[PDB]
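J.: this one's experimental. Sequence and coordinates below.
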Amino acid sequence: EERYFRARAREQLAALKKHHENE
Amino acid sequence: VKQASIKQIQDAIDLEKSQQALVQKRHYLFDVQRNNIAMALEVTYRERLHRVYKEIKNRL
Amino acid sequence: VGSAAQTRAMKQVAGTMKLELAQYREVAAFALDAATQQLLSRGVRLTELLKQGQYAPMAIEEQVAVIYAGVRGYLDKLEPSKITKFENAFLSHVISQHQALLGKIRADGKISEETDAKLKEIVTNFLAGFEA
Amino acid sequence: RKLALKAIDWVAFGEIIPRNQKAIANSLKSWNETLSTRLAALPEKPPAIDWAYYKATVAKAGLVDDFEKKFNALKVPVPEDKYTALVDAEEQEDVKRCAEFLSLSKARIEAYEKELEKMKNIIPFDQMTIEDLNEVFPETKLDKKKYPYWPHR
């Protein structure tokens, strides 16, 4: 569980940065 | 074709000049040899004083 | 005690080692490369640093230096099997050739910008020279 | 005893000619580090030989006084260096080789400078004829006789 949920946070942060930069 | 020839000549000159520098600092090896042999020789000299003093103390 | 009685210099390098080991323990036991491989690569190095011999305690500043070398990542390339020899040789060399540096840390009680500048050069040079 | 050694840069030390000498340098690293560690371990000053006064203070002092008189007559030899001349021997040969290398390299550099200067000065190819291009660069020849093209086909 630690590994699997360590993997997704990078994608979520990258998409947050892209969304905020876009608008 | 002409430009390529120019590049080749420049590369040869730079290679020779670069190789000149490394020759200058060749002195370091001899210093290492000298220091190693001198220190190694003095180390055994000190132990003799230590040995003689200890041998003297035990007898008393 | 909450580290109320502890030298200022040691806190800087120990508070950061706490997090490294806490995050190493929660993942690196399974009876990717971006996060997981680096995490246990650092953790296996950090574990080996804490081993010690018998009848030979150390002064505080030497521990500060040896932990400072590990925490900053200067030893993330060497194979973990050879860390102890590096520790011993580096400690002997630092004790002999750099007696003035330790007194600065002992007297001040904390690290400084000049001290931090000196330590990186010393560590990189000795690491380069120490490959045997 | 007192020592006067020379500080070295091992990073540049590895740059010196290592061919067929890697093993020698590897041994030298061990010797240089270990001998320094051993020297630092023991004090250079001689140990405390003040026991003779203690022996006088010690109740058993009488014949020990004669033995101390013998003790003051003790002498310790000093080893003599033998490899010092051998190290100095190779330096002259290395210096001669370096001088020869410098001379040859400088001659080659001057020749290359002349050739580069020749290459830089060049006609803009509009006034050039076929022969002058053969002068500047090697080009076709007449080895394939009885041909209207001479291209090696």
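T.: Looks like it came in fine. Numbers count the residues shown, from 1 in each chain, chains lettered A, B, ... in the order given.

J.: tell me, how many residues neighbour residue C:83?
T.: 18 (other Cβ atoms under 10 Å in any protein chain shown). For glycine as for every other residue, the C-beta is placed from the backbone atoms N, C-alpha and C.

J.: repeat that for residue C:77.
T.: That count, for residue C:77 with other Cβ under 10 Å as the rule, works out to 9.

J.: so it is in which element?
T.: Per DSSP states H and E: residue C:77 is located in neither a helix nor a strand.

J.: measure it to chain D for me?
T.: Residue C:77 is 17 Å from chain D, where distance means Cβ to the nearest Cβ, to the nearest Å.

J.: please apply the same query to residue B:30.
T.: From residue B:30 to chain D the distance is 5 Å (Cβ to the nearest Cβ).

J.: that residue: which element?
T.: With DSSP H and E as the criterion, residue B:30 is inside helix B:28-59.

J.: which other helices and strands does that helix contact?
T.: If you count contacts as 3 or more Cβ pairs under 8 Å, 6 or more residues apart in numbering or on different chains; DSSP states H and E, helix B:28-59 packs onto helix D:10-13, helix D:22-41, helix D:51-57, helix D:84-120.

J.: helix or strand: which one has the residue nearest in space to the middle of chain A?
T.: The residue lying closest to the centre of chain A (Cα atoms, centre = their mean) is residue A:12, at 1.8 Å. Under the criterion of DSSP H and E, residue A:12 resides in helix A:2-22.

J.: distance between that helix and the chain's centre?
T.: 0 Å (Cα atoms, centre = their mean, to the nearest Å).

J.: picking that back up, now the helix holding residue B:30, how far from the chain's geometric center?
T.: On Cα atoms, centre = their mean, the centre of helix B:28-59 falls 21 Å from the chain's centre.

J.: again, but for stretch C:96-111
T.: For stretch C:96-111 - counting by Cα atoms, centre = their mean - the centre lies 16 Å from the chain centre.

J.: does that stretch reach chain B?
T.: No: applying Cβ under 8 Å from any Cβ of the partner chain, one finds stretch C:96-111 separated from chain B by no less than 12.8 Å.

J.: what are the buried residues along that stretch?
T.: C:101, C:102, C:105, C:111 (16 or more other Cβ atoms under 10 Å in any protein chain shown).
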